[PDB]
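Asks: the amino acid sequence is not available; the structure is as follows:
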């Protein structure tokens, strides 16, 4: 009843309704997916072409933290940019203190603490984005997903946004059919296919596909966009 | 972020501070504790209730040494009492001992605790403490003393008193057995008899806490050499309570 | 509606109503059009006046020698954002001897707008902006909304009845895309586009303002007789 | 946190301060205090509100060697204000090497009270004070101050549960040429007549006098012990 | 109202604290802690093919000797874990010896009490169980709740199905404190949980934390299977 | 800098040099009437003296307005001493020495106080600041009597001023008594 | 003070003397200049005793927090934490530190932080007042992939010469060996190393 | 040296059941005598304090200690004893560890409950010196030490203690250029205090 | 001043002299230089007397509060750390040179602390202006295993050497012994080898020799 009008107010059943409303805001965004391969991570996202006047290949969504972390999000894009700026500040501080690129689980914990801190007071609003991020460190490849409540987990494959159900089903089938794992390029192709399949829920507007990856044997442990012939091959595979 | 710069305790149209009354209700729902003043000591007593049968009740003590000659007990909310005891010890050290080299008298320390409790009923964005305190002490120039401090910061000196669920019955019993000539042993016996009425479960040394402000204890003073150097406050072990039962 | 009191409250469906009210404030402003080619970028603005004895409200603000914008909505918010953009461009020039990119300025405006929709005690801005510039990557046009969303487009229009101008721009995209080296033709295309949003008024030298930036052209504003040849 | 603010420092449509009036109503339910000034001294008499427990070691307080106060209301707020007043008197003595006039201290306390009424978001002090003092300017002085920040000077005054009846009694039987003993008798008679109890015993009273002499110098403050109160009650005629 | 912030109800209650207690049971996971007179053992009941199982855990290593188990939502759990790690490190720096379990529990309980008394702070909907082998007290289990209340235990259980485990533990102790046996204590706790709840806990259904004299560690799934 | 003061049975007489220190042609007055029955004379570093004297005068006038009452000379001297003692510990201490003359109406007696820049207050029958004492104290010690009248005090002050002029122009002479503060014109 | 650290085939070895002086008076015959900051990360301290002790305490605290949050820190990370304190407070502190660590991947590593607050990674490092007298000998005798016995002998000879020529160094020779097998302590008395 | 600008000396001795505290009266700037009526001894109830050093610091400390003793009496409802006042003086002095008062305070009194005379001295930063025989302070401290180590006896009646302390003070002040323009002695018993002004050579 | 600390088989003993001077003039012939941080933790301080006393008092108050908070007996290392950090914060401007000894649940401990914050651990330590003679005695006679009686004798001998040979040290000897299972034993004036001989005469003046100008009664 009256327990939904302020943040950080427990309901009689032990719920925070503002965070659930933020999840509702997240559910209205576009579909963002992440796949963990044998030696890296692949991030894919769909961008709606609302008007033909939008300049193609501009308005980049996927963002980079340090030189090895990739981040994508679904929900209110400015909130995602705020979170990415905070993550860049955290990574810079860690690098300055300890002279080593920040490990992915440590970065995930710092982001989670920052998101959680916005559910503790009624003078602030929870973040309305769900974030899929990851990369490569000395321990290997890591993929994480973070929710508006501040809870995060590590995933074999993650999906968020309006077309999350079909994307999750496709990711589960992909994981089941490849127990050994997947290569980076095969992961890029599968991400293209899954984004195209998940777009079939929203056929009212056209979309553009954006793909990035961070792999040890393909990018030497750095985060790089897919723009060349590989992007066209992935698009052709998805449309096939 | 913190915008609670305004008082949460305000006067009702009838002239009553609702939050302090509600804190008093919370105190009145608490377990019984008692204090009795004798000619050569003071006794402070309380019941020890366990949240779980698997909990080691010895790790939780409802009677706390404030100074070597001053101790305290409470009825109400436990964590509030714990924080208040920490603050009281710190104020005793930083307000009196670091200035005069001596521990404060009982009355001044009670006044400091009362100031702390009052500040929680007028400062912004703070809930008043939901405890009532009984403080027993001894000082050179005033003798033995017993005080009661309320959630509003009001404190009163008592020859004997009780707080908690069985407050009225215990107060009547103590009124009927006051003669201005009791000794410490008589006061301990009276306290045990009064507690036996207000305890519904087992009544032994593991469910009662007793403390005394009596005579100096050179055994509880881990050094020798200074003739002027005693910790009057003493907590009775469960074995002694069982023996007295 | 109990969820529209402040900017830190979500609705049960996940909507921020103060942001939507600021967008509504934008939708009641005078129409402005932005357009660009591979060599030049142009802004066309229709001014408004209180009455005949009044002057017309300025709608185009210069940010730097290579960058400017036009506003639709609450003018003081446009002044605040324009001052911030001027400071950022000046900082880039002073510290790096570098001309600030248009995309980075859009990012800065997005970040500044986002902070006003998440904390108590502050309202979102009440203006939409069209930003044109020329940098090492060529000509750029951006659209900024007070929700923080910034988009890069070939052309657009904002304000009241801007849909007709937007449809005209969408239809004639391939034409004005290739107007390179002929600034007057691009300006005339923009004027024709903004003519689609007029209902009961005609363009005059008092209510029409134009701005242009380009490869060899610093950001310049034409008003009054300077636009008489474009009517 | 705007919802939870009660706005303790705002006017009413009639131009009244609700918190000040409510604090006055709160004070109207406290033990009665009476101050009477004669030609050669001042008498303060307060009625406790009682059990058969410790009394010799709550309503009468000492500010300096020449000024005392009687309290009606919350005791802890009164103690706060009394500590501030004692510090102020000592500061005045340190600065000017003279004893502070009564009116200056009273006005300082009244200003402190008024500040809580005008600015800030905190509740006012629910305390009324009766000041009895001596200075070289006017001699013996009696004042009262309420939560509204107003202070007044009185020949005879009462504050508390039965102010109306006590004031009506004091309007008669008071003369400008009375003595200290006559003032003591009048205060005791008024307390006995206004008391809502079976008898006016010594264990429910506090007494104080300020006069000249009595094994002292210019001015002596005497705070009556329970035995002295009993003797005075026997002498006057109450015999309770 | 009085049911939205931490102020007294007319009955002297604090509704937000009670609601945080309710929130502590959002995850349907039970945990059990026992002592073995030379070690302390805690066992939790971790319950999607897309998740990475190794990243799911409610058992934290606060320091070299102190371990923690949390009942409640994972964000508040990680908040409390970070706070406890910082407090233990500060204690060791300031006083020159390792922080004991009971003092850390008291400090966390004081923070919880501060939350229950200050309006702008909300309580954390978690229950914290600290285990160690103190150099002065031997095996130690202490528990703190959203109300600011903490106590030590001979053994303890947390979760929705905690009454059955508590009753079974009390019956075992009445038969007869502590467990007179770390691996044996771990197997005892596993069997106790199996008897209390039912079914057969596989290596993926539980997580085990063991505190010995100079260490606290967590067993892998292979070690848990070795226990089975 | 000549600052001198003599307290006689019913009054206080202060003398201050009417000289400055350049090139100009004026008749400087180094005294401020703190109250109708309290006067202060000052000497020391230029700038600091006038500022300090005006600050003290403003505070005393404010107190007099607030209480509708005149502070006694003792209270004024104590306040000035407190101000100087605070100043000596500050970042920029005042380098000012003062003589305070007054006529206590309650006690109906004249009072003279001498305070230095450190904050040392002394009540004296006669006092001086600077080098006036070194050349005046022999005469003051030989000739002073506590029961002297106003004319006798003026004659003694005239002898002191002549002695000062021997080892050097003119002085300003102020009288504080029951009728208040006045300036001597025949001197 | 004469401190050094030498990398060898199986790990690293730190060595130091034990003399503390207040001018001409030996205020402590038996000083431990080898301070542990983590289970297999140690340091040799030279300069102001108070400054080096405070820095080592702060570094140990920071590394404990790092271990609780992120895992086992590397030797380079510990050297960086030392470097931050030395460089940012170089106008108030006098500290020359040799950080020596072991890990499974990098084996043994040595970093030197001289006055000023710069960090240099070296196969071996030497510091202190008595180091100047052994710059040649060590440069003439250091090899790589030496066995444990050879490294012990090298450190013993070098420190014996440094003690012999430097009046501010002396006492016993303390050594700490960091290898995969763990941490080992060694001590050598004057009657042993003075016959060399 | 600020402590040697104004001059002055204070002595204190213990009797059988009595105490004595004496001071000089001179106040001078550098070498010119300003006042011969500057007393360095004050009392707060039955506790006596004598301060040597800067005259401004003497007055300031007297006012501050009067403030603190009045507040102590108001809160405690009893006068402060010499033993507690000594700790109060030490703490007040150490609170200015780096901007210290240039003072030489000496405390003398009789404990009301015990009746035992008490005496103590302080440096400028509050170090306490407890003595059973005597305490000296001022510019003529060495002369006072020489007089006291020779004239003092462990148990003296107040009549003899007066002569002893007076002779020590006078003979130490006659060898100090900055001390001596008059002299005051206080003889303090349980129920009586006597103040005497001595005759002196002046110059 | 001379201050020493010596360990033995089941505890630790500290010792000090009792002379405090201001230059060449003796200000206090019997001064206490053994300070009680806690009932079984004692510190002996040289350098600035006021600094030593104030710092020991502050650290003792904090240690007592910490012991109440933790419900445990104080440890020597805690006092060492707190003293060390407080002294290092002031960069040597607090002139306290301490020997801190004690017994705690972990055993017996002896440490030395300098005014800049450096600390040392040793079986035998000396500090003060007479520390050289005391250290000469300690190096001459200290043994690895000592009984309580031998340790007391050795510490007293070192303090006596400082008394005899150092001008800034003298008068009496104060000792404090702390044993693992016993109470702390504080021996004030354990040895008093400097007792002034009787004077050649008595200088008691006859009554009436001092001239008096005025007399009055003071009301207290």
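Replies: Alright, I've got the coordinates. Residues are numbered from 1 along each chain as shown, chains lettered A, B, ... in the order given.
Asks: how about the residues of chain B by chain C?
Replies: residue B:3 (C-beta under 8 Å from any C-beta of the partner chain). Where C-beta positions appear, they are placed from N, C-alpha and C, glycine not excepted.
Asks: do a quick rundown of the strands in chain B.
Replies: B:33-37, B:42-47, B:64-67, B:70-76, B:131-139, B:143-149, B:155-157, B:160-163, B:208-213, B:223-224, B:233-235 (DSSP state E).
Asks: format those as JSON lines; extra columns: distance to residue I:94.
Replies: Output for the strands of chain B, formatted as JSON lines (distance: least, C-beta to C-beta, whole Å):
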{"stretch": "strand B:33-37", "distance to residue I:94": "45"}
{"stretch": "strand B:42-47", "distance to residue I:94": "42"}
{"stretch": "strand B:64-67", "distance to residue I:94": "28"}
{"stretch": "strand B:70-76", "distance to residue I:94": "32"}
{"stretch": "strand B:131-139", "distance to residue I:94": "34"}
{"stretch": "strand B:143-149", "distance to residue I:94": "39"}
{"stretch": "strand B:155-157", "distance to residue I:94": "40"}
{"stretch": "strand B:160-163", "distance to residue I:94": "47"}
{"stretch": "strand B:208-213", "distance to residue I:94": "39"}
{"stretch": "strand B:223-224", "distance to residue I:94": "26"}
{"stretch": "strand B:233-235", "distance to residue I:94": "34"}
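Asks: could you dump these to TSV with mean neighbour count?
Replies: Shown next, in TSV, are the strands of chain B (neighbours: other C-beta atoms under 10 Å in any protein chain shown):
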stretch	mean neighbour count
strand B:33-37	28
strand B:42-47	26
strand B:64-67	22
strand B:70-76	26
strand B:131-139	26
strand B:143-149	22
strand B:155-157	19
strand B:160-163	27
strand B:208-213	24
strand B:223-224	16
strand B:233-235	20
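Asks: what's the closest of the ones you listed to chain I?
Replies: The minimum distance between chain I and the strands of chain B falls on strand B:223-224, with 3.6 Å, by C-beta to the nearest C-beta.
Asks: remind me what that closest one packs against, helices and strands.
Replies: Packing contacts for strand B:223-224, counted by 3 or more C-beta pairs under 8 Å, 6 or more residues apart in numbering or on different chains; DSSP states H and E, involve strand I:184-191.
Asks: now the helix or strand following the strand it packs on, how far from the centre of its chain.
Replies: Using DSSP states H and E, the helix or strand that follows strand I:184-191 in sequence is strand I:212-217. Distance of strand I:212-217 from the chain centroid (C-alpha atoms, centre = their mean, to the nearest Å) equals 46 Å.
Asks: ok, and what's touching strand I:212-217?
Replies: Residues outside strand I:212-217 that contact it (C-beta atoms under 8 Å, 6 or more residues apart in numbering or on different chains): H:192, H:193, H:194, H:195, H:196, H:197, H:198, H:199.
Asks: what's the answer for stretch G:154-164, then?
Replies: Contacts for stretch G:154-164 (C-beta under 8 Å, 6+ apart): G:2, G:4, G:6, G:13, G:15-17, G:126, G:128, G:130-131, G:133-134, G:137-138, G:141-142, G:146, G:169-171, G:173, G:175, G:188, G:193-194, G:196.
Asks: nice, that's everything, thank you.
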